[PDB]
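Residue numbers (PDB author numbering), protein chains in the order written: chain D, 354 to 455, 475 to 532; chain A, 15 to 75, 81 to 448, 480 to 532; chain C, 16 to 75, 81 to 174. Here a beta-carbon is modelled for each residue, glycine too, at the ideal position from N, C-alpha and C. See structure below.
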Amino acid sequence: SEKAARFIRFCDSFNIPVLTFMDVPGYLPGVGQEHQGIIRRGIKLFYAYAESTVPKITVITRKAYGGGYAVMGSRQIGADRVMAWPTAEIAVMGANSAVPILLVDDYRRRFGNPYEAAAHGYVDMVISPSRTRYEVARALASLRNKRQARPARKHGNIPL
Amino acid sequence: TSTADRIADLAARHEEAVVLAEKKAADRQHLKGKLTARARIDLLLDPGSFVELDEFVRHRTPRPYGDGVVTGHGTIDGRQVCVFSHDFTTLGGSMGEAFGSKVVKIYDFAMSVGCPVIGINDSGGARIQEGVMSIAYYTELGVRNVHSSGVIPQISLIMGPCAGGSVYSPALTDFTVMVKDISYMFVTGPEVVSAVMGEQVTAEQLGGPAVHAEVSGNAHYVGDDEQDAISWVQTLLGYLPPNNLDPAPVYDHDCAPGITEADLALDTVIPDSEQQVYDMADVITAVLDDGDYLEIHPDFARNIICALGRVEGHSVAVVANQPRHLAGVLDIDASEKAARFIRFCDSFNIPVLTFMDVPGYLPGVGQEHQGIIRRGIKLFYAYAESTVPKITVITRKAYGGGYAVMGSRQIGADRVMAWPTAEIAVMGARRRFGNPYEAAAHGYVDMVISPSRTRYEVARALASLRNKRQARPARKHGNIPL
Amino acid sequence: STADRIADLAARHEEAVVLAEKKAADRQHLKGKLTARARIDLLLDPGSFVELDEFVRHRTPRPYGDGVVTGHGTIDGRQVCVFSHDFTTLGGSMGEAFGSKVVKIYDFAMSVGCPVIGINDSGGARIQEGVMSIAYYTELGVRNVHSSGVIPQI
Ligand SMILES: CCCCCC(=O)SCCNC(=O)CCNC(=O)[C@H](O)C(C)(C)COP(=O)(O)OP(=O)(O)OC[C@H]1O[C@@H](n2cnc3c(N)ncnc32)[C@H](O)[C@@H]1OP(=O)(O)O
Numbered sequence: 354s355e356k357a358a359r360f361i362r363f364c365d366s367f368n369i370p371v372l373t374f375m376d377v378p379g380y381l382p383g384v385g386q387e388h389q390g391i392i393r394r395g396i397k398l399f400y401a402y403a404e405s406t407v408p409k410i411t412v413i414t415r416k417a418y419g420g421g422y423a424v425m426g427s428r429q430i431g432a433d434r435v436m437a438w439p440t441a442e443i444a445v446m447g448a449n450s451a452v453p454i455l475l476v477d478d479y480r481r482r483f484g485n486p487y488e489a490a491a492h493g494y495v496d497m498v499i500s501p502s503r504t505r506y507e508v509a510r511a512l513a514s515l516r517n518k519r520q521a522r523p524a525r526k527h528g529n530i531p532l
Numbered sequence: 015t016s017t018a019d020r021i022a023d024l025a026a027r028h029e030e031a032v033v034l035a036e037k038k039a040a041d042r043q044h045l046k047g048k049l050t051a052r053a054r055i056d057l058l059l060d061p062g063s064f065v066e067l068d069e070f071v072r073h074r075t081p082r083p084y085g086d087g088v089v090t091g092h093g094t095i096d097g098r099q100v101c102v103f104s105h106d107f108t109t110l111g112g113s114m115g116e117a118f119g120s121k122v123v124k125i126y127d128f129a130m131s132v133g134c135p136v137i138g139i140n141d142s143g144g145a146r147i148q149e150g151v152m153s154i155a156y157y158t159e160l161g162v163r164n165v166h167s168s169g170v171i172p173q174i175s176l177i178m179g180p181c182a183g184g185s186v187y188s189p190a191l192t193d194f195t196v197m198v199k200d201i202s203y204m205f206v207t208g209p210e211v212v213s214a215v216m217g218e219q220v221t222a223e224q225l226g227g228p229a230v231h232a233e234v235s236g237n238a239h240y241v242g243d244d245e246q247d248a249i250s251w252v253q254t255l256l257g258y259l260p261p262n263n264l265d266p267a268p269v270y271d272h273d274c275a276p277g278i279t280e281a282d283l284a285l286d287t288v289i290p291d292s293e294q295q296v297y298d299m300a301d302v303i304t305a306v307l308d309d310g311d312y313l314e315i316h317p318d319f320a321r322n323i324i325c326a327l328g329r330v331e332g333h334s335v336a337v338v339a340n341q342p343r344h345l346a347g348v349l350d351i352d353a354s355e356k357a358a359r360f361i362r363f364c365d366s367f368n369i370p371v372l373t374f375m376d377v378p379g380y381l382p383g384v385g386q387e388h389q390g391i392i393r394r395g396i397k398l399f400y401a402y403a404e405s406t407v408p409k410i411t412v413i414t415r416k417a418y419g420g421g422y423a424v425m426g427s428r429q430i431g432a433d434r435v436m437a438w439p440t441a442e443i444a445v446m447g448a480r481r482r483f484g485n486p487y488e489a490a491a492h493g494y495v496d497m498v499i500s501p502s503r504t505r506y507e508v509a510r511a512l513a514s515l516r517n518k519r520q521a522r523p524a525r526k527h528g529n530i531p532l
Numbered sequence: 016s017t018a019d020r021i022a023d024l025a026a027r028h029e030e031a032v033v034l035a036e037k038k039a040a041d042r043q044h045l046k047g048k049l050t051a052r053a054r055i056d057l058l059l060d061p062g063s064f065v066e067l068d069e070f071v072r073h074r075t081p082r083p084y085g086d087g088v089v090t091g092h093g094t095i096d097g098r099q100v101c102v103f104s105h106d107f108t109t110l111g112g113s114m115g116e117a118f119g120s121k122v123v124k125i126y127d128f129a130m131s132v133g134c135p136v137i138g139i140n141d142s143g144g145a146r147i148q149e150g151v152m153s154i155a156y157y158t159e160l161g162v163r164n165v166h167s168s169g170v171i172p173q174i
């Protein structure tokens with residue numbers, strides 16, 4: 354998170370578009386990461402994406418769960434174009450952790485695909501992987517004149 | 015049908031939304047020793063000031084009113100604030116689309132008029148039943164935290180088990196306040212940790228108030244009970260402006276125009292012996308009105324102090340090295356605790372008052388491999404970027420990089436005064483260098499004063515600097531190390 | 016000893032502010048002139064003067085303050101910045117320490133937006149310091165120019 358966060362804020366400061374290739378199970382839980390502050394330090398990546406105003410294209414190759422999906426250049430966090438491969442899995446959780454809240477599991481493959489997210493317009497395209505380059509290139513071309521306003525402030529108060 | 019029928023029908027829906035639902039939720043949260051969402055709002059807000067919004071919102075597809088959250092605005096000590104409060108009894112407090120809509124609306128209002136947002140959390144995070152949609156709304160909320168950052172004060176009360184987005188949004192707000200025994204914070208709960216990683220940990224070991232108040236740093240304060248937490252938040256708001264444009268409150272004061280006994284005591288507070296320590300709070304209290312201050316992160320990085328007080332009725336931010344813990348050295352934790360504090364205060368135009376007694380940085384493999392260079396430099400960045408008035412009082416040790424960082428003149432402090440016990444040098448030990487007079491010769495300190503004049507000089511410096519204005523770099527934002 | 020260190024500060028304070036004022040009055044009254052401090056007390060409201068860089072010294081006699089009294093105070097309740105040359109000490113000549121002290125209070129006045137009164141009484145440039153004395157004259161001039169029409173200058 355800290356590696357990618359400062360990378361993104363840097364690129365946003367010098368107007369380099371950010372292209373995200375996403376396949377994320379989520380944030381890493383467990384006592385090691387909590388006592389070291391994963392809650393506020395992993396969220397630095399969220400701040401970085403939402404703060405940025407450069408064009409942002411996202412390709413979802415496979416896993417897209419929970420906070421990982423939110424942070425990794427989702428549409429709601431400010432991505433201009435979100436395209437998904439058919440192998441994309443967009444859900445709040447994996448089926449192994451969501452269903453011990455009722475093998476009524478592979479009916480949780482309601483979510484094992486991108487088509488619910490596509491139904492709500494949370495992804496813009498469901499493409500064959502071979503068209504990725506094509507679709508990235510034109511998306512980047514379409515976004516070069518993007519302009520976005522920024523909050524009126526001395527500076528924000530990013531978690532430290 | 016009739017007009018009277020429709021008005022009686024509205025009264026009936028309102029009894030079900032506010033009375034019946036509340037009694038049901040009180041019964042189920044009694045199982046856990048907790049108050050209800052509405053009870054918490056009534057403890058927080060001025061009596062009779064609460065205006066509830068979206069009372070009759072329901073999920074689309081049992082569809083209770085509110086979908087598990089109570090939103091609205093009110094006043095705290097006469098000034099307007101916006102509030103939302105999770106209902107853990109409805110689906111574990113998880114956010115669905117109706118839930119998220121209510122929160123998104125209340126945040127949009129607070130951004131629109133520029134008042135603080137108090138979020139009262141008691142939630143499992145994102146509602147699994149709604150899939151992508153719940154994640155979408157929590158992201159909208161987090162985006163609004165980010166666009167609010169440094170624009171309106173944001174305060175989170177953690178008052179139950181909290182996971183996922185229910186800890187992610189608080190982390191983006193300015194202050195997180197937990198409550199003893201009843202609250203927790205983790206990415207995901209202990210049973211998911213067991214099924215996935217799989218470690219066998221108790222909730223208190225994984226993310227209890229003590230873990231976050233003393234180890235991770237995620238909690239700025241832990242209240243003994245809910246009302247203690249809520250009372251802390253009310254006191255905190257009493258120091259802060261509503262937004263980053265309008266001024267902080269000014270209270271009247273009983274400060275003494277001459278020199279008192281408490282001022283004279285500062286002349287004897289520093290021990291004669293260098294390996295004897297003292298309590299920096301004994302210095303802090305002699306300067307601040309009524310000797311009072313609200314301390315941020317009191318149980319975390321106790322080798323530095325961060326507090327808000329008042330000088331002549333004006334809000335003042337205090338950063339001070341505490342010699343009673345780890346000799347008052349700087350480590351990673353003290354650096355990041357004071358760094359974020361200073362940046363918050365600079366965002367909201369609170370002047371920073373620094374008491375320096377710093378022998379240097381904590382040495383060791385633990386510090387160096389855990390990133391003391393890029394994490395400790397955050398305090399340097401915080402000071403150098405700030406434009407608020409900065410006054411620094413140097414009481415004793417002031418060596419090397421520690422001297423540089425703690426609000427020296429060169430890093431941008433507007434006023435630096437030194438006590439005769441101050442030792443400003445590259446390193447210690480020949481004690482013709484054990485004083486502030488080489489620094490005073492170069493002008494690096496502006497004044498060498500008897501300690502008892504501290505309160506008098508600080509008060510006059512702050513007043514001299516109320517109209518300070520300083521230009522900022524032309525940029526979208528900086529690139530502070532993370 | 017802490018009490019010793021405070022006592023020592025009291026001693027140096029009196030060689031910088033009190034005794035130097037006696038010697039400076041003795042030599043300037045001979046010429047029908049007041050001293051830098053007495054002029055500051057005539058200018059500012061009683062008890063409002065806050066003196067800065069009292070113990071500044073030049074680098075290479082190294083008197084405290086290097087020949088200029090600087091600080092801020094009030095005139096009829098409103099804030100002003102002030103500097104006052106001490107013609108007795110080192111001729112009131114422009115050195116690097118001297119110029120630093122005046123630059124500091126000019127930066128302060130530009131920072132907080134208050135007028136600056138400068139009381140001039142000077143034999144010119146400290147020649148031993150060479151081009152540095154020029155460098156600091158120029159620095160002050162530039163601050164006069166960036167202040168021009170922004171804060172009043174007397
Ligand atoms: C600011 C940045 C925002 C970013 C946005 C994001 O990325 S959001 C990240 C995405 N993922 C998350 O937020 C999920 C994190 N939450 C979790 O992992 C889990 O919910 C948990 C750790 C709280 C486990 O809670 P438990 O159910 O074991 O606790 P408990 O048994 O007391 O809960 C009682 C009731 O609440 C239900 N419940 C609890 N959490 C729920 C949830 N998240 N969604 C739906 N239902 C939930 C349970 O079904 C149960 O219902 P019944 O009593 O009726 O049986």
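{"Check": "Comparing the CB of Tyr-494 of chain A with every heavy atom of ligand 1, is any distance shorter than 6 Å?", "Outcome": "no"}
{"Check": "Let me know if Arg-20 of chain C comes out buried or exposed under the rule of 16 or more other beta-carbons within 10 Å of its beta-carbon.", "Outcome": "buried"}
{"Check": "Please state the DSSP three-state secondary structure of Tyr-156 of chain A.", "Outcome": "helix"}
{"Check": "Could you check how far apart the C-beta atoms of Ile-139 of chain C and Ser-167 of chain C are, in whole angstroms? I think they sit under 8 Å.", "Outcome": "Rounded, the Cβ-Cβ distance is 17 Å, inconsistent with contact."}
{"Check": "Going by Cα to Cα distance, which pick from A:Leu-285, A:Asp-308, A:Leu-307 and A:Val-306 is closest to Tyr-297 of chain A?", "Outcome": "A:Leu-285"}
{"Check": "Who are the near neighbours of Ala-25 of chain C in its chain, counting only those whose CB is closer than 8 Å to its CB and skipping five residues on each side?", "Outcome": "none"}
{"Check": "Between the alpha carbons of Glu-355 of chain D and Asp-60 of chain C, how many angstroms are there, rounded?", "Outcome": "55 Å"}
{"Check": "May I ask whether a heavy atom of ligand 1 can be found less than 6 Å away from the beta carbon of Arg-146 of chain A?", "Outcome": "yes"}
{"Check": "For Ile-303 of chain A and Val-132 of chain A, I'd like the C-alpha separation in whole angstroms.", "Outcome": "36 Å"}
{"Check": "Under 6 Å from any heavy atom of ligand 1, does the C-beta of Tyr-187 of chain A make it?", "Outcome": "yes"}
{"Check": "If distances are taken between C-alpha atoms only, which option among A:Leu-327, A:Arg-415 and A:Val-384 comes closest to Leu-372 of chain A?", "Outcome": "A:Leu-327"}
{"Check": "May I ask you to check if the CB of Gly-161 of chain A is nearer than 6 Å to at least one heavy atom of ligand 1?", "Outcome": "yes"}
{"Check": "Under 9 Å Cβ-Cβ, which residues of chain D neighbour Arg-525 of chain A?", "Outcome": "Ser-366"}
{"Check": "With DSSP as the reference, identify every bridge partner of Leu-67 of chain A, one or two as the case may be.", "Outcome": "A:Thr-90"}
{"Check": "Where do the N-terminal and C-terminal ends of the alpha helix (DSSP H) with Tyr-297 of chain A fall, by residue?", "Outcome": "Segment: none, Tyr-297 of chain A is in no alpha helix (DSSP H) and carries neither H nor E."}
{"Check": "On the three-state DSSP scale, how would you describe residue 459 of chain A?", "Outcome": "Regarding the residue in question, residue 459 of chain A is not represented: chain A runs 448 and then 480, omitting everything in between."}
{"Check": "Closest Cβ-Cβ distance between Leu-67 of chain C and chain A: below 7 Å?", "Outcome": "yes"}
{"Check": "Any contact of the stretch 82-95 of chain C with the stretch 118-131 of chain C, i.e. 3+ C-beta pairs under 8 Å?", "Outcome": "yes"}
{"Check": "Taking its Cβ as the centre, do 16 or more other Cβ atoms sit within 10 Å of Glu-69 of chain C, making it buried, or is it exposed?", "Outcome": "buried"}
{"Check": "Kindly say whether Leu-515 of chain A, judged by its beta-carbon, lies nearer than 7 Å to any beta-carbon of chain D.", "Outcome": "no"}
{"Check": "Please identify, using Cβ separations under 8 Å, the residues of the stretch 481-496 of chain A that lie next to chain C, in order along the chain.", "Outcome": "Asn-485, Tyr-487, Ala-490, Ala-491, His-492, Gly-493 and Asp-496"}
{"Check": "Shortest alpha-carbon distance to residue 470 of chain A belongs to which of A:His-44, A:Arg-510, A:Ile-413 and A:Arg-522?", "Outcome": "Placed between 448 and 480 in the numbering, residue 470 of chain A has no coordinates, as chain A goes from one to the other without interruption by modelled residues."}
{"Check": "Is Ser-113 of chain A near ligand 1, judged by its Cβ being under 6 Å from some heavy atom?", "Outcome": "yes"}
{"Check": "For ligand 1, is there a heavy atom less than 6 Å away from the beta-carbon of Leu-455 of chain D?", "Outcome": "no"}
{"Check": "In the DSSP assignment, find the alpha helix (DSSP H) that holds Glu-507 of chain D and state where it starts and stops.", "Outcome": "504-514"}
{"Check": "Measuring CB to CB, does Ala-432 of chain A end up less than 7 Å from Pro-486 of chain A?", "Outcome": "no"}
{"Check": "Please state whether DSSP places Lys-526 of chain A in a helix, a strand or coil.", "Outcome": "coil"}
{"Check": "Say the cut is 6 Å; is the CB of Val-445 of chain D nearer than that to a heavy atom of ligand 1?", "Outcome": "yes"}
{"Check": "Spell out whether any CB of chain C is found under 7 Å from the CB atom of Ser-500 of chain A.", "Outcome": "yes"}
{"Check": "Of all the residues that make up the stretch 20-37 of chain C, which are near chain A by a beta-carbon distance shorter than 7 Å?", "Outcome": "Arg-20, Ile-21, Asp-23 and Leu-24"}
{"Check": "Secondary structure at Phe-194 of chain A, three-state DSSP: helix, strand or coil?", "Outcome": "strand"}
{"Check": "Hey, out of A:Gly-115, A:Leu-225, A:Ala-238 and A:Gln-173, whose CA is closest to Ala-155 of chain A's CA?", "Outcome": "A:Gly-115"}
{"Check": "Looking at the structure shown, is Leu-327 of chain A part of a helix, part of a strand, or coil, going by DSSP?", "Outcome": "strand"}
{"Check": "Whole angstroms are fine: how far does the CA of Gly-332 of chain A sit from the CA of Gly-97 of chain A?", "Outcome": "18 Å"}
{"Check": "Go ahead and pull the three-state DSSP assignment for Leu-45 of chain C.", "Outcome": "coil"}
{"Check": "Can you grab the Cα-Cα spacing for the pair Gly-242 of chain A / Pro-408 of chain D, in whole Å?", "Outcome": "44 Å"}
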